[PDB]
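K.L.:
let me give you the complex in parts, starting here:
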Amino acid sequence: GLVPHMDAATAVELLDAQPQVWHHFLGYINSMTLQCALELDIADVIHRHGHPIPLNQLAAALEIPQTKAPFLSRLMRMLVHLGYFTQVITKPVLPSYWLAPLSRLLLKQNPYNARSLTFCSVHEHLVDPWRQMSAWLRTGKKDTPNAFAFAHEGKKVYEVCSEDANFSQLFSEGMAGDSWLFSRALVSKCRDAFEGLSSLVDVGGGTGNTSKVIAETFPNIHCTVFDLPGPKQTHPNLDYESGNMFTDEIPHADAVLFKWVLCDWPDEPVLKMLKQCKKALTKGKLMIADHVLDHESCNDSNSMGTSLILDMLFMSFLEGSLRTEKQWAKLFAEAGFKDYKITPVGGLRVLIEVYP
């Protein structure tokens, strides 16, 4: 507890390095300010106004008392920096706010909005286990598959979802929203990968957002969503079968699609399932719509940072990871597949076609 040389140049360098560290450890402030913006329906209230909205009118619409309007102003300034909104001053300080392009992803009226995924991701269920991550890392085989289970009395995310209907709904809605956008990019960027197919099984396809878009875009593909037992998407060439992809036989088709599924699981069950696909597809192909971590299409620093953040998220609450091409290729080889082709799609993700 008692009190403990450096030249000025070094002191200044280190002083100027500190804010990078502050920015990292205060990262949760981004999470929480964005959540507030969603709780308050800020984007929707601004959109509804129809043109830039003055701070006082924004506060009134948000049921924020005028005494607290200066705090709202500061929250808005944060959200403007993050890229969601713009601000201007038309009175010679009352700003007026409008929408920036990134706010398209916040608007309730857009079926691709990220609201539910945001609420899910910042939920106590997903944040809290991180305070036991170090203890979990230090636990030998009191062990659990991940930090999430470690902090939930041994319960994996599937079990917690069955107990927490709200949390479960958020997760489901978040996946559906992503599928809305991803599928549309997929059928455009990878049109060639669907040519010549007459059937496809969408493993883990849920309410059918991915298959709906595939069926609409390629009218000769009979799509079957295969998943564990709201209303599901309707289309004449879209149907549904129930089953466990690990223990039940996957429906036969010209292509087996895994969209954001294999990343949830470790090598041993994935390999076992891939081998079963190998036996079944012999002759069709595997279609994996997921992350290839080191791929050229997502190798910029910002993209890599977000990929690694996802790898950490997945490490904490799922049983998988974001695999590199080398890791994928090793799984394909051991599963008996002979060839593969990667086509970039977007959103940190690609299509891998795998041939048996």
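P.N.:
Received the coordinates, thanks. Numbers count the residues shown, from 1 in each chain, chains lettered A, B, ... in the order given.

K.L.:
now do the contacts for residue A:279.
P.N.:
By C-beta atoms under 8 Å, 6 or more residues apart in numbering, the contact set of residue A:279 is empty. Any C-beta I mention is one placed from the backbone N, CA and C, and that applies to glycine too.

K.L.:
surely residue A:241 touches residue A:250?
P.N.:
No - taking contacts as C-beta atoms under 8 Å, residue A:241 lies outside contact range of residue A:250: 9.3 Å.

K.L.:
would you mind listing the residues touching both of the two?
P.N.:
residue A:226.

K.L.:
more crowded one of these two?
P.N.:
residue A:250 (20 against 13; other C-beta atoms under 10 Å).

K.L.:
which residues touch the more buried one?
P.N.:
A:201, A:203, A:226, A:243, A:256, A:273, A:276, A:277, A:280.

K.L.:
so the third one lies in a helix, does it not?
P.N.:
No - counting by DSSP: H, G, I helix; E, B strand; the rest coil, one finds residue A:226 to be strand, located in no helix.

K.L.:
that one pairs with what?
P.N.:
Bridge pairing for residue A:226 (DSSP bridges) gives the partners residue A:203, residue A:241.

K.L.:
that older thread, so which of the contacts of residue A:250 sit within helices?
P.N.:
A:273, A:276, A:277, A:280 (DSSP state H).

K.L.:
switch the residues you listed over to a markdown table; also include distance to residue A:82 and neighbour count.
P.N.:
What follows is the ones in helices among the contacts of residue A:250, written out as a markdown table (distance: C-beta to C-beta, whole Å; neighbours: other C-beta atoms under 10 Å):
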| residue | distance to residue A:82 | neighbour count |
| --- | --- | --- |
| A:273 | 39 | 21 |
| A:276 | 44 | 17 |
| A:277 | 41 | 23 |
| A:280 | 46 | 16 |
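
K.L.:
which one of the residues you listed sits closest to residue A:316?
P.N.:
For the ones in helices among the contacts of residue A:250, the minimum distance to residue A:316 (C-beta to C-beta) is 23.1 Å, reached by residue A:273.

K.L.:
throw chain B onto that model:
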Amino acid sequence: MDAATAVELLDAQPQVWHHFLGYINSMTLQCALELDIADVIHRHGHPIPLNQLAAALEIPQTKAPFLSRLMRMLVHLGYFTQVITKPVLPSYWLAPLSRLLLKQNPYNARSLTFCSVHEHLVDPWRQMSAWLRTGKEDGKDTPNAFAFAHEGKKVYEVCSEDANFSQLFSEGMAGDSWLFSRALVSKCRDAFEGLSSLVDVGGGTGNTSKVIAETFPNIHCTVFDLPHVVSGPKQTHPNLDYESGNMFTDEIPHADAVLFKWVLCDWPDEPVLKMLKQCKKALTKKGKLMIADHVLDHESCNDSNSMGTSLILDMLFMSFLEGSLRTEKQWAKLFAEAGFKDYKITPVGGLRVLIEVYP
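P.N.:
Once chain B is put in with the chains from before, the structure reads:
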């Protein structure tokens, strides 16, 4: 919606993901500190293989693959490096940023990190929207979300109840002052010319005043802070001493210069103005006011990265303190209302500047 628009939106989505997953940065860095990774690697003295690192951290070899993934994250963040040994089994070393993580360095950021990610500071954010919607007519309002989420208790009261949390905060401030003061006396040497005395209001355990006193032998430095803050180990020097009191309600010691380093940002305009008026009167009984703090819109912190961090601090302070990061306009207004006649801003670093304010 056409394909081009769908792809554009798909490629924009990870920006939002990165925002809402910001707490992952907070928690992975906290893990690195809990596990003492920087010091373990430093003690090893050369790059350390993954298996040896797991052993050194008391992580079972069975969980080494998870450690590898945590390290990959931390390497991206810039704390560590992976030293390539072959054209698998990664070896890890230290990056320059890790200097701020090492326990042996008096300027390390460990305590501030632990303080900042603590439940006390994170949890009130889950009530921020409710607090923003609370009016002053139900008896439920509080000065900030922190108090709203702590049964009305401000951070000062929670610190008085939570000795560990309090110690983290104080150590955090001291570490920053160690660096900031050394930058201050170099980049703003002329600001100290001609002074015979200085009072460091909120100067804590004396890291700022110690450096001033050593660098400028004519300046008698007095740290003025709360009794409990100045009753323990602190910097000592023959021209440095400590006086105790409350800056809001007790008379601030007389000096040629009154210094506020990262203090006025904690408080709103009404008490700050009152205090500045008291200083104006004292400094013309001419002395000067010295404010070492953020000027939000200063050129030295205008880059996107710096502004992002400044706004994050502005949010942090909104949640648990009663202040903000002021713009030049806001500062200038305070100085005018307090009766000062001139000012000069000189950049120091760490998002902050020195404002000299003259009566």
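
K.L.:
write out the residues of the stretch 101-250 of chain A neighbouring chain B.
P.N.:
Proximity of the stretch 101-250 of chain A to chain B, by C-beta under 8 Å from any C-beta of the partner chain, involves residues A:101-102, A:104-106, A:112, A:114, A:117-118, A:121-122, A:124, A:127, A:130-131, A:133-134, A:137-141, A:178, A:181-182, A:184-185, A:187-189.

K.L.:
now residue A:254: phi and psi?
P.N.:
Main-chain dihedrals, residue A:254, degrees, to the nearest 10: phi -70, psi -30.

K.L.:
what about the residue lying closest to residue A:137 once chain neighbours are set aside, neighbour count?
P.N.:
Spatial nearest neighbour of residue A:137, excluding adjacent residues (C-beta to C-beta, 6 or more residues apart in numbering or on different chains): residue B:59 at 5.1 Å. Using other C-beta atoms under 10 Å in any protein chain shown, residue B:59 has 22 neighbouring residues.

K.L.:
ok, residue B:59 touching residue B:67?
P.N.:
Yes - with contact defined as C-beta under 8 Å, residue B:59 counts as touching residue B:67 (5.4 Å).

K.L.:
residue boundaries of the strands in the stretch 201-350 of chain A?
P.N.:
Remark: strands assigned in the stretch 201-350 of chain A by DSSP state E, counting those that start in this stretch are A:222-227, A:238-242, A:255-259, A:285-290, A:339-346, A:349-355.

K.L.:
which residues are contacting the fifth one?
P.N.:
Counting by C-beta atoms under 8 Å, 6 or more residues apart in numbering or on different chains, strand A:339-346 makes contact with A:182, A:185-186, A:189-190, A:192-193, A:289, A:292, A:295-298, A:325, A:328-329, A:332, A:350-355, B:7, B:10-11, all of which sit outside it.

K.L.:
and the last one, by the same measure?
P.N.:
Strand A:349-355 has contacts (C-beta under 8 Å, 6+ apart) with A:182, A:186, A:189-190, A:193, A:260, A:285-292, A:295, A:297-298, A:328, A:332, A:337-345.
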